[PDB]
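Before any comments, here is the structure.
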Amino acid sequence: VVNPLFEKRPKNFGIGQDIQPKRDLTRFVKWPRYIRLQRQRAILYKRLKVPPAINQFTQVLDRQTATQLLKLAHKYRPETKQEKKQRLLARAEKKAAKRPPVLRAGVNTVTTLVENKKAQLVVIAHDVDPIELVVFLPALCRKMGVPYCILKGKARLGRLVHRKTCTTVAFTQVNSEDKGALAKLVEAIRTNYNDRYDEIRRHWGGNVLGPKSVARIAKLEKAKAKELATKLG
Amino acid sequence: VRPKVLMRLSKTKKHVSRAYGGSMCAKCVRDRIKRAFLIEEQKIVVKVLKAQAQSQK
Amino acid sequence: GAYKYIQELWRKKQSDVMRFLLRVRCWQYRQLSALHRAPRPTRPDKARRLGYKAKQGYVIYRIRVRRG
Amino acid sequence: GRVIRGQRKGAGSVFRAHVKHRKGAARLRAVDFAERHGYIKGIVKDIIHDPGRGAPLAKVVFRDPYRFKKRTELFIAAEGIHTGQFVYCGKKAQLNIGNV
Amino acid sequence: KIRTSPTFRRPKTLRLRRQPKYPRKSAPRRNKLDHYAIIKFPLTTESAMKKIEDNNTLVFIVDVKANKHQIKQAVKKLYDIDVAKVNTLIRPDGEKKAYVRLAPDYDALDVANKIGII
RNA sequence: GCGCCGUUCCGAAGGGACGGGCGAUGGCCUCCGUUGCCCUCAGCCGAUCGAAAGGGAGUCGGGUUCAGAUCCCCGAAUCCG
RNA sequence: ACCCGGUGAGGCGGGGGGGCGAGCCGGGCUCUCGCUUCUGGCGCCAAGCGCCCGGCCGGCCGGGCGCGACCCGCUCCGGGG
Ligand SMILES: [Mg+2]
Ligand SMILES: [Mg+2]
Ligand SMILES: [Mg+2]
Ligand SMILES: [Mg+2]
């Protein structure tokens, strides 16, 4: 059956021995300057000692809670531009013959109904690009007593409202069919954020060295530990 | 003849009919053949002594 | 509104939050070129005070001047 | 009163180097994996005279480790190097002459 | 997917064609180098008449922006005659002179008597 | 500030080609090209300028003008596409 | 941060795996190695293996993917700071 013409011809990829194969080299690319910049921006957020008012946005409401919050917030989306025109045609027909609750959106409206205590829950995006827009807002929700959470995505918090991004999203009113589910969110979110807030205020961030540098420090410390522990016996 | 006149010439005007013909001389071709043979035969001999060094050890 | 909070937060430039932000942004701006376009204001509040409206046709460039 | 001559030399334009018939920057081979871990062979192609230099240079031709392409180098010839001599370069190379 | 190279080249984007929403100029410019604009007049010089009578050519004075191809097409169209070759020189006066050799089934003296020069 | 420095230096500096695939028009719609999209392949070196003495394929003989001829005319060629 | 050097920013740092040495009872451990030194030769655009898929009549002809070519990472590696 087999053919003796078919030969197994191996290549010896040793030093100086045979030419190197086109293997994966993403780690050694000369990247453009914008890529190089946006990577070591994140590296600096890991290196530098990040203050706790910026560090608190790294704590994000987890996945199984985020699904329940976005499920409840899909019930109360603002009307789309087409649905605005449809309701205006409906009231036009009624003229020719109580408004439902929505989500409030933006830092300005959400802060003004945090001080007025009209908010029942405040969702905060974690990646708002000048962070100074929302740095105060967890502490203000703490003072006014409003439950605040932090989600991953200004992008996907900008998809409840029909836009690109959105900084914050509040709950002012909900319906009686969807009232106890908001309470079940408010309990977990309140005990995860508001009740645990002094620990948030003191929690400095970052200040982690490189894995190569951590490995070199670890090699020195484990060598000192071994060379001190082998002497006692 | 001048290098752009080499467009005008026929093929056999510009080489000799041998391996590396018209690019390399005959003496260096035959020593390059001998070298290419004897280096590889020495590599076979080193391979065999490697296998026998596996045999004694 | 949020803008009075951002205003008095940017008056506190000696604080830890704001020293952190000015240091990280100043690094990031030094990595770019001497004249380039910001796609949006860095300080939305200050831009609004100074005349800017967030509509089509208002443009913001971030440019550096060598110092002294 | 005038700008003196030693000040004038730094502006150039008459006091620049005469680099017309020079051959190249006589450099070692760049660092790569073979230099750093093993060694790599190259033969001395010819030994050449550079103008404005008492040292003779040496076209040393290496085989590129990643591409099918021969790389050629201008070393500075150590004394006793001849043409058709294999020149090694790397961490594991031997300690003889003209061998970096 | 893998990066073979240590380099990042700029990736090749799609780019379209001009599909303009109005033409810039309203109509194209007319050719102002006609067949009539490009042959001003023949030469009636005794040297030019010697050339006509012997060497079977016609010595014209031509616009300075003309090719030998354009002079050949203009002589072919204005006087209905085919041309072997055109030799051009520009005078120190500034005019371009064309020596229009004819294909030998035509007499230069007959076409010179046709156009008037004798 | 008009601008200046700098010329490979802090650049996402490639608009190209062999093959495979998708379609679209044109010719006895045979087979081939014209494209448009996808996969693949791709180094170079810095845009451009800079020698009528440097590099640079290929035209010679005879006759002709008052004044032009390796240029016109006759005869022999030759290079490139 | 900032500075310098190299390069076509090409195998950096941990960890597995493999072999070769020393010490205890086939086994856990520390460390070293990782494939080229007799010659003025050649060396790329994968062989082999494993699993899928498509057109024709078990055979035929064109394809795909993974190993081969270890995994993971946050600075391209180095030298200063
Ligand atoms: Mg021959
Ligand atoms: Mg030029
Ligand atoms: Mg010239
Ligand atoms: Mg010349």
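A quick note on method: Cβ atoms are made from the backbone with ideal geometry, for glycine too, and the neighbour counts reach across all protein chains shown. Throughout, read-outs are computed from the coordinates displayed, never taken from laboratory work.
Structure notes:
- The stretch E:1-117 - percent relative contact order, Cα under 8 Å, separation 6 or more: 23 percent
- Sorted fewest first by neighbouring Cβ atoms within 10 angstrom, A:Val102, A:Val1, B:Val45 come out as A:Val1, B:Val45, A:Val102.
- Less than 5 angstrom separates the built amide H of D:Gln85 from those of D:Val44, all sequence-distant by 5 or more or on a different chain.
- The overall shape of the stretch A:179-218 is prolate: from the C-alpha gyration tensor, with semi-axes ordered a ≥ b ≥ c, the ratio a/c is 1.5 or greater and a/b exceeds b/c.
- Taking a ≥ b ≥ c as the square roots of the eigenvalues of the alpha-carbon gyration tensor, chain D is classed prolate because a/c is 1.5 or more and a/b outweighs b/c.
- Compared with the dominant Cα axis of chain B, that is its longest principal axis, helix B:26-56 is turned about 20°.
- In order along the stretch E:39-53, phi translates into HN-Hα couplings of 10, 7, 7, x, 8, 10, 6, 4, 5, 6, 6, 4, 4, 5, 5 Hz, rounded to whole numbers, per the Karplus curve 6.51 cos²θ - 1.76 cosθ + 1.60 with θ = phi - 60° and x for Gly and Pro.
- For the stretch A:131-189, the alpha-carbon radius of gyration amounts to 1.24 times the rule-of-thumb value 2.2 N^0.38 Å expected for a compact globular protein.
- Distance between the stretch A:1-42 and the stretch B:1-51 - C-alpha centres, whole angstrom: 32 Å
- For the protein assembly as shown, the Rg and Dmax computed from alpha carbons only, in angstrom: 42.8, 131
- Fraction of alpha-carbon pairs over 26 Å apart in the stretch A:1-139 - percent: 61 percent
- Shown for E:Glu95, A:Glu221: other C-beta atoms within 10 Å of each C-beta, ranked fewest to most, produce the order A:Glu221, E:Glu95.
- The stretch E:41-61 and the stretch A:211-230: distance between their alpha carbon centers, rounded to Å: 105 Å
- Tilt relative to chain E, helix E:68-79 - C-alpha long axis, 0 to 90 degrees, to 10: 50 degrees
- For trypsin sites (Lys or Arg not before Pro), the sites in the stretch A:42-88 that DSSP calls loop and that have at most 16 other Cβ atoms within 10 Å are A:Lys75.
- Computed Kirkwood radius, in angstrom, where 1/r is averaged over Cα pairs of the stretch A:105-154: 10.8 Å
- DSSP-assigned coil residues among chymotrypsin sites (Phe, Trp or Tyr not before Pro) in the stretch A:125-233, each with at most 12 further Cβ atoms within 10 Å: A:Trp204
- A simple rule links phi to the HN-Hα coupling: the Karplus curve 6.51 cos²θ - 1.76 cosθ + 1.60 with θ = phi - 60°, which for the stretch E:106-118 gives 9, 8, 5, 6, 5, 6, 6, 6, 5, 7, x, 6, 8 Hz, with x for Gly and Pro.
- Compactness ratio for chain E: Cα radius of gyration over 2.2 N^0.38 Å (N = residue count) comes to 1.85.
- The share of alpha-carbon pairs in chain B lying farther apart than 18 Å comes to 60%.
- The mean number of Cβ atoms from other chains found within 10 Å of a Cβ in peptide C:14-27 is 4, as a whole number.
- Overall, the anisotropy analysis places chain C in the oblate class: the square-rooted eigenvalues a ≥ b ≥ c of its C-alpha gyration tensor yield a/c not less than 1.5, with a/b not exceeding b/c.
- Considering helices alone, the calculated mean residue ellipticity of chain A at 222 nm is -13000 deg cm²/dmol, with DSSP H runs of length four and up weighted by -39500 (n - 2.57) and normalised per residue.
- Chymotrypsin sites (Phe, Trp or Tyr not before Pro) restricted to DSSP loop in the stretch D:1-94 with at most 15 other C-beta within 10 Å: D:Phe15, D:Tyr66, D:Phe68
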